[PDB]
Amino acid sequence: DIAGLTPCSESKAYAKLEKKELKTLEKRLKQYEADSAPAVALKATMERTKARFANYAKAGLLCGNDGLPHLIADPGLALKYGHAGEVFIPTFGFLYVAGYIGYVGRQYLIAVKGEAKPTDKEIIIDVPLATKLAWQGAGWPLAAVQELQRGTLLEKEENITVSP
Amino acid sequence: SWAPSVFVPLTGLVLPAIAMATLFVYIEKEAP
Amino acid sequence: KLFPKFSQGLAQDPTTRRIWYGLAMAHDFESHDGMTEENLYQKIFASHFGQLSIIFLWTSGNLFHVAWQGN
Amino acid sequence: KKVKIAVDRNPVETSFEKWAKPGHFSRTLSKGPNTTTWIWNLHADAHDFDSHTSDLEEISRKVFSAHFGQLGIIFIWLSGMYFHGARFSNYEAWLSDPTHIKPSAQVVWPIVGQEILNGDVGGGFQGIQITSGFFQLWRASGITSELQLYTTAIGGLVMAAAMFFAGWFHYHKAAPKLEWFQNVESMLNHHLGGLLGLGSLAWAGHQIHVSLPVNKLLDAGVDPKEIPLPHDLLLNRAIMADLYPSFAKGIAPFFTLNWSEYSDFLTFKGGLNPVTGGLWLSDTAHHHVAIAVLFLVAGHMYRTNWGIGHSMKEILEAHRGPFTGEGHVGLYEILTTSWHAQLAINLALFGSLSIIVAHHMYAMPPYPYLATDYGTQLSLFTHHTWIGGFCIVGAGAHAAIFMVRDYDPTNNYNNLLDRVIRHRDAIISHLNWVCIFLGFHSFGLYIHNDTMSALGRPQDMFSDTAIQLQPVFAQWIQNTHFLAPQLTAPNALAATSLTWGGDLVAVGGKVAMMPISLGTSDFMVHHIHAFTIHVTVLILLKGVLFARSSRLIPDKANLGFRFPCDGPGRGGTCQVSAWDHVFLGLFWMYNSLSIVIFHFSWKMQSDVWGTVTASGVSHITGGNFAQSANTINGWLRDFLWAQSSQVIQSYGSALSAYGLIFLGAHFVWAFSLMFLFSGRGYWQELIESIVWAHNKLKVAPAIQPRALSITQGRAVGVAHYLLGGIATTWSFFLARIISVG
Amino acid sequence: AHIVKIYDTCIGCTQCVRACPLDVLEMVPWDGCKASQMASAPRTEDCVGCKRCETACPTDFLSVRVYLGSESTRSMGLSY
Amino acid sequence: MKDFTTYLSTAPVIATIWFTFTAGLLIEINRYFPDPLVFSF
Amino acid sequence: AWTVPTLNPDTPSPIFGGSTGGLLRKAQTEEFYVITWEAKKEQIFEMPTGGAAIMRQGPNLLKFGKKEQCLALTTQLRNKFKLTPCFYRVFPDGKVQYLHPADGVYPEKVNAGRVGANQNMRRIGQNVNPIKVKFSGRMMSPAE
Amino acid sequence: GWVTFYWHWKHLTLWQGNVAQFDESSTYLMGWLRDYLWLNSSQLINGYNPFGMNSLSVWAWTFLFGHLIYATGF
Ligand code: CLA
Ligand code: CLA
Ligand code: CLA
Ligand SMILES: CC1=C(C/C=C(\C)CCC[C@H](C)CCC[C@H](C)CCCC(C)C)C(=O)c2ccccc2C1=O
Ligand code: SF4
Ligand code: SF4
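Residue numbers (our numbering), protein chains in the order written: chain U, 2 to 165; chain E, 29 to 60; chain W, 4 to 74; chain A, 2 to 742; chain Z, 83 to 162; chain F, 1390 to 1430; chain H, 3 to 146; chain P, 2 to 75.
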């Protein structure tokens, strides 16, 4: 109960929706022989379904009046009430990989600018240079702040403009 | 009570027929 | 030949876009032929009187049709 | 020998060295990128072989091996459909009950919840219900086992490898010379004789010896593992004489010309098999026999190496009259020295074939348990009309490519083509008139019915209970084709289809085919079709005839086939090329064929399809085509709104992917309107403003970002428009008809 | 009529005149480039404004420059 | 096969190998770790 | 030597069966444009109005409604056929106007004596702002 | 159009009473398509039919009339 909400292990619409999905799977299962190949896949779907409900109720997700889990996207209401794995932990688990790709592509461009003709190594990617920059880009925030402290991250007004 | 049976054909069939005529004649006038 | 009285270049247009651009750059007063800044401001002032009179005529029509054909 | 094999040994060395160099085919693209327009010109000019080189021999070699590439891809595709029919299907179950088991041949992997798409198709099986009609083909061929499907899938892989090896051989190792390709008389004799004639003779052999006895034992009612295998039907004449008692006389009635004794298994029944709702396979057997004899006669027409036969240049140069100048002189030399002029005619007649196939496979359903599978019927009609309409627009495109590139005024003086160019203004003006006439007198009938139904005046509408517009001519043709077994085809036991009149064939409680009444709404929609087909002809033929010049631009042929414009001058000259005319004809082919497939999907659901109880048969939509298609609001309510009520609530079911694509193709369609409405000088400046941001953070690419070209952005817009509209209608049709059909 | 002006960035490579579909442009003697020649627009009454001249100008920020003005029966490119 | 390896290093071939790699990594993850809505432990 | 040739309609037309792309009422009321060229041999050329005509040996005369049609015909006669054509301008009151090679020399070659109209002795980036040309009587570009 | 779709549908579900019918359906675009556009355009398109007409027929006509101008714009 952060903003009119309720834990999903407490709310009854969540359990009613679990029983609704298991009821649809059960009346779907009632047509087949108990050991046939469709019935095995239907019971495996039931097992994945029940494991999904158990692990959404276990992590302390907040349900609403609809019986559906919600995501508190504010630190200080996620850190204080234990919901940092909703948004606040994957908002850095994403940005590590985002700045990773943005650093690997940056360094692949800068390490191919100073050649004979760079464009041929942009349609035909130099794979050993690409995999070297793929592995050694693991510490990208480190190298990014060390590049920002120089001023070698930005370029000055050598850039191309029109008519200011 | 006879106003919607008279003003509506004038405004839609008669006064636009003036406007389809007099505002069209003004278009192709030869400039002196 | 006559209808864009404001545009002598549109008036010499033998095609049918003379009509369409006489209707469309009629209120672009700054691009009119012989336009000065004083006549610009004077036409804008008269235009604002025309817009105010249309707004009041429209509201009076709303009032009259509600008073006459309404409940 | 004038007609002889003539090749060149080892013309092109087989090496991966030119795979390393993209753009090797083009003189301009071989220097590499400096600009992102390069990589779109790489894929756009990839197969335009006529612009790579000027040597017609090299062009013909490239287009002859590219056809082996397409054939290898089609054999991979067919072999995959046989393999997915073998290993992932309920076809074994479907053969025992082909009325309560849905044909399924695609199973998904249970990962992200997509295993809900493995619906309960029946037969102890879960998968996606297919609608491509392969199971009805396989019953009509006499398959009866997934072992035969697996082995013809292996044969399809072998034949795909044969096609890929053949293209490699006839391009790299022993490639034919130019005057090999210019033997069109030999190509027509071999294709009418060997492809069409011997192929239908061979399919006649398979139908006589394999599919007639197997399907007769299926229709009598025999388990498919109890049926004799077809090699036991070849070797044992006693089983074939048990099934058809004139196999005991052997091939003696064929050579004594006592062919009437073969009337046990070559028939002229007509109508439908009432056991299964398809055509009689004895009737299709005699069909392919007669087709085989006809095309083997037709393939001995043209002169190749002996003095007998016709030569097509002498056929063309003789047919000339007083009205048409020099007549057909010069048409042989432009249909032998231009591949685009061939591809125009072939795409035209082949796309007309697809539509004739689509109209001839609903009314005369050729497969067992095809007609009561309503989803297969709807998807086959829709598929083949779309393939036909695309091929007709490609005909209109490649005719104009011939006009721009390969047309020569020296070779064409006062022949037919020159005299058509010299009255193109009369042609396009009269077609403009007839398009405007058809537009008013077809769509204004719908606007009239909208207005009268909205003004509380239903008596003044155009309907059957109002001002009637009866299709007297099509109704007269229906009467004559229903009375054709009386005196104009006296050896027909029934009419050639059930649409002309009579009773209904009912299979499994569902109507296979019943007679189709043609009323006022049928009149109005056939004239909607005539209108939209004439407008598509107007646009495509205006692009062909004005491909080289007009009164607007007299030197349009110097600008090319595919150019955006000739600037803002002389009023504006946007979209003046022939490419832009086939661009605008693609929208009208979409417009026409969407109404064609809507008219099919609502005429069939209203007046043909539905369950029968032998108690006054109740159709699917209750019989509201003639009663409610008078109005645009009737097509809105009772067709789009009413029948979208199964694609919109398909979530949580096996049809839910059709619920997703119906949204997604509503996306892509509207996404196309970003490309169709906007223009390049916006997006190039937006790319400048973000190239600045990539310059500021040292991440400007060396291949410089450009906006798409003008005729590239038009191509992207029309491609996304067609994809998003056709896939919307795809998902709508299939989610409607799998559920309620 | 349209306004066709040229500028002194002309290198005299006479490509606008060959690109012109209406003979608006012609080459005039001049002494500001190596080719000793510069274009001219004496016949802007016949110009339609189709801008083929400034698809053919090689100089960055084009030396020929068409400004779409009033439209006569020749500027609209009419056979009627 | 040096030219074959330069062909394998072109833009669409690297795109269709790397997208199958990053597809069939996430697909094996969602097989062995079903339904990750929230970062658990 | 060269001084402004004149025209007679006595010179023949190339053999052409007539198209629907020919002249209109603008030819009879406003103006129409005629083209002359001397051909060396009889050969087939594409009309700018659609269709193929065969030119005959000696002088030819062909009439059009646009200057672009006549210059397109000159463009394909000078390139494909290496001929030297010239077209004029005819008004309905009989007044004829020499239009193509004014000085005889084709305009892509310097004749040393033609005058440079519509030239700006300044760079195109050195145009004034549109605020400086505002209220110039008519609407006006900064290139003037 | 987005702000007025959102205003109209949250107020239709408010005026009908079932705000949960909005809260469960407005989270996904199919719920916007079938619970707002498909659902509330029943009595609109039934303004006229072959059975008769009612007072919404002038809005049934204009709804098609607006569909006709829009496409003509294309
Ligand atoms: C009776 C002989 C015969 C037969 C059956 C064919 C059949 C075919 N020709 Mg063809 N052709 C022939 C003689 C023949 N040709 C002659 C004599 C010439 C020279 C004048 C040509 C010149 C020619 C050209 C230029 C082209 C064709 C193409 C085609 C294909 C059309 C596509 C189609 O319908 O796929 C139907 C598919 C099948 C029938 C699958 C079965 C495949 C069989 C086994 C191969 C075809 C039979 C083959 C000719 C026999 C030779 C065997 C080989 C070992 C020598 C088709 C396979 C086009 C094509 O697609 O090329 C690949 C094409 O571009 N032909
Ligand atoms: C037998 C069929 C056939 C054949 C052989 C050709 C052959 C040719 N056409 Mg043609 N054409 C055809 C049918 C055919 N066409 C049809 C049916 C149409 C109507 C749509 C056209 C319309 C057409 C135009 C308008 C033009 C050509 C051009 C060309 C030439 C070059 C094509 C090229 O390099 O594309 C290379 C391949 C591509 C660019 C890929 C196209 C991708 C498509 C558009 C997207 C759809 C793909 C898929 C179905 C959608 C789902 C994909 C999924 C990932 C979402 C070549 C001579 C061009 C030409 O001659 O230039 C002068 C040209 O401008 N054709
Ligand atoms: C719903 C949208 C719509 C409509 C109505 C039209 C209408 C038309 N298009 Mg068009 N078009 C459209 C969308 C549309 N287009 C789109 C989206 C594209 C994009 C690719 C094109 C591309 C296109 C091309 C490329 C061509 C056309 C052509 C035509 C004309 C053929 C029909 C005709 O003449 O019949 C008559 C007119 C109608 C059916 C329109 C409705 C009129 C109703 C029925 C009655 C009239 C109203 C009535 C008198 C009341 C008047 C009230 C009063 C106050 C004025 C017509 C002007 C063709 C053309 O002009 O040549 C013939 C042509 O070549 N269109
Ligand atoms: C959006 C738009 C653009 C901009 C579209 C840009 C130019 C292309 C869109 C991006 C393409 C898809 C390239 C992005 C993908 C690259 C290949 C990089 C791939 C990187 C990884 C995914 C491998 C136009 O250029 C345009 C031109 C004319 C009329 C309308 C429009 C128009 O509407
Ligand atoms: S517009 Fe450009 S191209 Fe057309 S004529 Fe005038 S200058 Fe020559
Ligand atoms: S503009 Fe370009 S082309 Fe025209 S003259 Fe100056 S340089 Fe030569």
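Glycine is no exception: its CB is placed at the ideal position from the N, C-alpha and C atoms.
Asked: Closer than 6 Å is what we want: which residues have a beta carbon that near any heavy atom of ligand 4? List them in chain order.; Found: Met675/A, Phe676/A, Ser679/A, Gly680/A, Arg681/A, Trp684/A, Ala708/A, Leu709/A, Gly714/A and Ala1404/F
Asked: According to DSSP, is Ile17/H part of a helix, a strand, or is it coil?; Found: strand
Asked: Is it buried or exposed for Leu96/U, if we count other Cβ within 10 angstroms and need 16 for buried?; Found: exposed
Asked: Classify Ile85/Z as helix, strand or coil using the three-state DSSP reduction.; Found: strand
Asked: Where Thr497/A and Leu470/A are concerned, what is the direct C-alpha to C-alpha distance, given to the nearest angstrom?; Found: 27 Å
Asked: Report the neighbours of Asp24/P on chain U: residues whose CB is nearer than 8 Å to its CB, in chain order.; Found: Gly65, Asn66 and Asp67
Asked: Skipping 5 residues on each side, what residues in its chain have a beta carbon closer than 6 Å to that of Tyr89/Z?; Found: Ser145
Asked: Is there a Cβ of chain A sitting closer than 7 Å to that of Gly53/H, yes or no?; Found: yes
Asked: Between the region 376-384 of chain A and the region 430-444 of chain A, do three or more beta carbon pairs fall short of 8 Å?; Found: no
Asked: Is the beta carbon of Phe564/A closer than 7 Å to that of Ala579/A?; Found: no
Asked: Could you tell me the distance, in whole angstroms, from the CA atom of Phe182/A to the CA atom of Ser61/A?; Found: 7 Å
Asked: So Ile56/H contacts chain A; which residues on that side make the cut at Cβ distance below 9 Å?; Found: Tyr414
Asked: Which one or two residues does DSSP pair with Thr277/A in a beta bridge?; Found: Bridge partners of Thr277/A: none, in fact.
Asked: Let's test the definition: count the other Cβ atoms within 10 Å of the Cβ of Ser679/A and tell me whether it reaches 16, buried, or not, exposed.; Found: exposed
Asked: From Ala49/W to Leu55/W, what does the alpha carbon distance come to, in whole angstroms?; Found: 10 Å
Asked: Can you say whether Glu19/U is buried or exposed, counting buried as having 16 or more other CB atoms within 10 angstroms of its CB?; Found: buried
Asked: Starting from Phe9/W, find everything on chain E with Cβ-Cβ shorter than 8 Å and list it in chain order.; Found: By Cβ distance, chain E contributes nothing, its closest Cβ being about 13 Å from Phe9/W, past 8 Å.
Asked: For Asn122/H, does the three-state DSSP call read helix, strand or coil?; Found: strand
Asked: Go through its chain and collect everything with a Cβ distance to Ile144/A's Cβ below 7 Å, but skip five positions before and after it.; Found: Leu150
Asked: Closer than 6 Å to a non-hydrogen atom of ligand 2 - does that hold for the CB of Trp580/A?; Found: yes
Asked: From what residue to what residue does the beta strand (DSSP E) around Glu48/H run?; Found: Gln45 to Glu48
Asked: Helix, strand or coil for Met109/Z? Go by DSSP, reduced to three states.; Found: strand
Asked: Write down the C-beta distance between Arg321/A and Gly328/A rounded to the nearest angstrom, noting that I regard them as a contact closer than 8 Å.; Found: 2 Å
Asked: Kindly indicate which three-state DSSP category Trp39/H falls into: helix, strand or coil?; Found: strand
Asked: Do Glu147/A and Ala221/A have their CB atoms nearer than 7 Å?; Found: no
Asked: Report all residues for which the CB-ligand distance to some heavy atom of ligand 6 is below 5 Å; order them along the chain.; Found: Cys92/Z, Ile93/Z, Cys95/Z, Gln97/Z, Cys98/Z, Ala121/Z, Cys139/Z, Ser145/Z and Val146/Z
Asked: Using a Cβ-Cβ distance cut-off of 7 Å, determine whether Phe67/W contacts chain E.; Found: no
Asked: Give the DSSP-derived three-state secondary structure of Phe83/H in the structure shown.; Found: coil
Asked: If you reduce the DSSP assignment to three classes, tell me which class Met38/W lands in.; Found: coil
Asked: Within the continuous alpha helix (DSSP H) that includes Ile309/A, where are the two ends?; Found: Looking at the DSSP string, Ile309/A is not in any alpha helix (DSSP H), and its letter there is neither H nor E.
Asked: Which whole runs of the beta strand (DSSP E) in the region 540-579 of chain A are 3 residues long or more, in chain order?; Found: none
Asked: Count the CB pairs spanning the region 518-530 of chain A and the region 623-636 of chain A that are closer than 8 Å, and state whether there are at least three.; Found: yes
Asked: Any C-beta of chain P sitting closer than 7 Å to the C-beta of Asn592/A?; Found: no
Asked: What are the boundary residues of the beta strand (DSSP E) that includes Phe66/H?; Found: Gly60 to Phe66
Asked: Quick one, are the C-beta atoms of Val8/A and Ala141/A less than 7 Å apart?; Found: no
Asked: Along chain Z, which residues have their Cβ under 7 Å away from the Cβ of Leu73/H?; Found: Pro103, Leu104 and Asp105
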